[PDB]
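A look at the structure
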Amino acid sequence: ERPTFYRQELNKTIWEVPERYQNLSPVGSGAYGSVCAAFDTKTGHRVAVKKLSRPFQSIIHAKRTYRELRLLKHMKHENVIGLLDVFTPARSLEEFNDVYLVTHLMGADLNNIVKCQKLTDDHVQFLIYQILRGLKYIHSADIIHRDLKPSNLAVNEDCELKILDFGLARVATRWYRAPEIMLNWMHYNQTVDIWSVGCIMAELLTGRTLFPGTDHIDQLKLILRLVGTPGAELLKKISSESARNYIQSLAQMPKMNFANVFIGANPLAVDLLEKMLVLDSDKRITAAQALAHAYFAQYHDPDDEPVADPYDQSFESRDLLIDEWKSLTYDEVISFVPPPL
Ligand SMILES: Cc1ccc(C(=O)N[C@@H](CCC2CCCCC2)C(N)=O)cc1NC(=O)c1cnn(-c2ccccc2C)c1
């Protein structure tokens, strides 16, 4: 019918959950939002429970709440975070004011893993393979992550990887961002995420941030030093006059030979980096193409790299009232079907 809930105070936060979830312990020191590790008495498994912060306080909060629930309810893939449960203590739409989301509990984020040292080439093959397998899935539904960086990627002891998003909650996004979506200078596609994967892979191999810019101007200067200033062919496709003026006003840099930058790395790794870190977003490798690159010979299976069901994002166009976004969210909580045990 409906379970029995119990109340708690944790880090100045109130928490009201079903008895099924036990021994709630705050994790991530703010960086994941309001999240507790919990023990799930139904499965005998550890889980993560997130309490959304002020979910219906404004129109923009209410839309963000709907968007996060809709994305989580869609994701059914080994390398993307998925929804085990969603609950509110509210018995009706009228008193609906709190949303709790339940996922798998992961062992570590990749930020607090590179921080020690660099990884073996074999560890890098396996981790980048799993990122690209999750991205083929997300991109097949016309979903773009847009903020891939080591702090949004999580792994277990056995090195199984999942893509998450910790949104706004306290490693600069700037350092991993595609030049075209940073300065909005060209048509942008799913391959903004492939630029980010290139930056992350470089960092796992060298143990150093590839492009540690201090701001957007410093960031572009560090990038152009490796990949070279745009040619006349890429200049032809820049719609922004101010962008085009800025670029053409710098003194010309050549493309460096990546074999001279990533010295001693697997030459198959250097070749894949050349294909990911191209300025022209029409010429960057896709996730599906990257999975068939020789670098992943050990892992690639074309019969086990699935696509996603279609995702209706027509809501993204709509301008509705708080109470409308709230009712739509309540509907999705009510209609939720747990994954098969
Ligand atoms: C409970 C929960 C709820 C929401 C999210 C989450 O990723 N939400 C996304 C969903 C959509 C996004 C679209 C692009 C593809 C990726 C997904 C968002 N911002 O909308 C994560 C967890 N879980 C965690 O925060 C979590 C799970 N173990 N840990 C953890 C716990 C201890 C140590 C290390 C880690 C990583 C943290």
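Its PDB header names X-ray crystallography as the technique used to obtain the model and reports a resolution of 1.9500 Å.

What about the pairing of strand β7 (residues 100–104)?
Regular strands place side chains that alternate from one sheet face to the opposite one. Counting buried residues along β7, four of its five residues qualify, which places the element largely inside the surrounding structure. Relative to β7, strand β5 (residues 45–51) runs antiparallel, the two sharing five bridges. Among the inter-strand pairings, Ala-48 is bridged to a residue of β7, identified as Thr-103. The sheet contact formed by strand β6 (residues 85–87) and β7 spans three bridges and is antiparallel. Each bridged residue has a counterpart across the sheet, and for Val-86 the counterpart in β7 is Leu-101.

Some words on the UniProt feature "active site" in the protein chain
Under the feature "active site", the UniProt entry names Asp-165. Contacts of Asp-165, omitting those with residues within four sequence positions, involve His-145 and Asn-152. At 2.8 Å, the side chain of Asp-165 and the backbone nitrogen of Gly-167 are in polar contact.

Focus on the packing of helix α3 (residues 121–140) against helix α5 (residues 192–206)
Here α3 crosses α5 at 170°, and the two axes come no closer than 10 Å. Taken together, the axes of α3 and α5 lie roughly antiparallel to each other. In the packing of α3 onto α5, the handedness of the crossing is right-handed. Contacts between α3 and α5 pair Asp-121, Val-124, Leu-127, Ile-128, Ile-131, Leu-132, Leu-135 and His-139 from the former with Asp-193, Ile-194, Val-197, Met-201, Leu-204 and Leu-205 from the latter.

Rules and cut-offs
- Residues numbered from 1 in each chain as written, not as in the entry; some residues may be left out.
- Heavy atoms only, no water.
- Residues with missing side-chain atoms left out of burial classes, pairs and counts.
- Buried < 20%, exposed > 50% of the residue type's maximum accessible area, 1.4 Å probe, protein only.
- Helix = DSSP H or I, 4+ residues; strand = E, 2+ residues; numbered from the N terminus.
- Pairing = 2+ DSSP bridges.
- UniProt positions renumbered as here; feature names shortened; annotations may be inferred.
- Contact = heavy atoms within 4.5 Å.
- Polar contact = N/O pair within 3.5 Å; in protein donor to acceptor, adjacent residues only side chain to side chain.
- Axes fitted to C-alpha atoms, helices over the stretch in contact; angles between N-to-C directions.
- Parallel < 35°, antiparallel > 145°, perpendicular 65-115°, else oblique.
- Left-handed = near helix turned anticlockwise from the far one by under 90°.

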